[PDB]
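got a structure for you, letters missing:
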Ligand code: HEC
Ligand code: HEC
Ligand code: HEC
Ligand code: HEC
Ligand code: HEC
Ligand code: HEC
């Protein structure tokens, strides 16, 4: 009712709850209204934007409330990681990214990717660009993880 849902394409929504913030600021709506949240035609701020001080990040910095830049504090807002993301493109079977595989493999880290503009800042990145270190390529280069230059079947289906 007073809980606002922030829907995400590949994960459960993050739910902003007024109750706990009101008990915190003593119903002073002025703290967050028409200053922090214009709530008129907002974009979908990214976590990096929040790290810059936008959205929830205007407070969740570590000083006032837990920071949005803490791998151990993501659970404070997000329930989990996400559901398996399926990538579609012409020329190969669906490429699938799973967290069940990766997170437990990176000691539970999250910002390694989510706060890495070279790993998340793209849209329909190609294998060429992955080779130059973009997206999956930032780690699948035979140093960190198996190279993206080959191993097609390890990521793509029907291969
Ligand atoms: C052998 C070297 C491979 C072939 C042939 C292809 N891949 Fe990949 N791949 C993966 C993902 C998650 C994506 C999508 C990323 C995004 O869209 O942002 C891709 C994309 C492609 C594409 C489309 C772009 C292009 O034409 O270059 C094709 C046709 C494609 N891939 C063919 C993931 C991975 C990966 C996991 C680390 C590996 C090893 C490969 N891809 C290997 C090949
Ligand atoms: C790189 C190896 C990653 C690590 C480590 C973590 N995540 Fe992840 N996550 C990654 C990808 C490839 C994707 C899809 C990217 C996209 O275009 O959306 C995701 C997705 C999520 C999401 C969904 C975001 C959305 O739907 O808008 C969330 C909420 C998310 N990831 C959270 C998350 C957490 C909490 C992690 C630590 C336990 C974590 N991810 C690690 C890549 C990577
Ligand atoms: C910061 C901690 C907040 C305080 C204090 C209050 N509100 Fe708020 N409100 C806040 C956010 C992050 C949002 C989500 C806006 C968005 O961009 O999606 C909201 C939303 C509302 C709404 C709209 C509800 C909806 O349509 O989902 C209303 C009607 C609203 N807020 C009222 C309200 C009142 C009256 C407050 C004091 C009693 C108040 N808010 C405080 C953030 C915060
Ligand atoms: C509550 C203060 C949050 C904490 C702490 C974390 N996230 Fe978050 N995340 C939150 C919201 C409200 C939203 C949507 C904001 C909007 O305007 O739409 C999100 C969104 C993300 C996304 C998608 C966008 C992006 O940056 O890629 C992801 C992938 C996500 N959040 C991941 C994430 C991680 C890994 C966190 C820990 C470092 C993290 N979030 C903490 C609110 C909050
Ligand atoms: C400052 C003006 C705030 C803004 C903007 C947002 N939050 Fe916040 N949050 C703030 C404080 C000072 C606290 C209180 C202390 C506590 O630990 O409870 C919080 C707390 C939360 C919590 C924790 C709730 C709990 O059960 O303890 C969550 C999950 C949270 N905040 C989420 C959240 C989101 C998603 C916001 C942006 C959409 C957001 N907060 C903004 C102060 C402020
Ligand atoms: C570094 C943070 C990574 C990024 C970015 C992505 N992956 Fe990854 N991947 C990484 C590691 C550490 C490992 C371990 C490899 C090993 O065997 O030592 C992996 C593993 C995978 C796998 C193998 C899964 C399994 O067989 O259980 C796949 C299929 C895979 N990774 C796919 C993948 C895709 C599609 C990515 C981009 C969206 C991606 N990974 C990013 C580290 C990292």
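Noted; the coordinates are in hand. Numbers count the residues shown, from 1 in each chain. Ligands and ions are numbered 1, 2, ... in the order given.

which helix in this protein runs the most residues?
The longest helix of the chain (DSSP state H) is helix 18-25.

Is ligand 4 within reach of it?
No - looking at helix 18-25 against ligand 4 by C-beta under 6 Å from any ligand atom, there are no contacts, and the closest approach is 10.7 Å. Every C-beta, even on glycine, is put in place using the N, C-alpha and C of the backbone.

Now do the contacts for residue 125.
Residues near residue 125 by C-beta atoms under 8 Å, 6 or more residues apart in numbering: 134-136.

rewinding a little: residues of the longest helix of the chain that come out buried?
residue 21 (16 or more other C-beta atoms under 10 Å).

so how many other residues sit close to the closest residue to ligand 6 within the chain?
With C-beta to the nearest ligand atom, the shortest gap between the chain and ligand 6 falls at residue 139, namely 2.6 Å. Residues lying near residue 139 (other C-beta atoms under 10 Å) number 18.

So what sits opposite the residue nearest to it when sequence neighbours are not counted in the bridge?
The shortest distance from residue 139 to any non-neighbouring residue, by C-beta to C-beta, 6 or more residues apart in numbering, is to residue 145 (4.9 Å). Residue 145 has these beta-bridge partners by DSSP bridges: residue 140.

burial of residue 145, as a residue count?
Neighbour count for residue 145, taken as other C-beta under 10 Å: 16.

That one and residue 60: what is the separation?
Distance, residue 145 to residue 60, using C-beta to C-beta, to the nearest Å: 31 Å.

Check residue 103 too.
21 Å.

what does this protein have sitting close to ligand 5?
14, 16, 20-21, 24, 31-32, 36, 55-56, 58-60, 64-65, 76-77.
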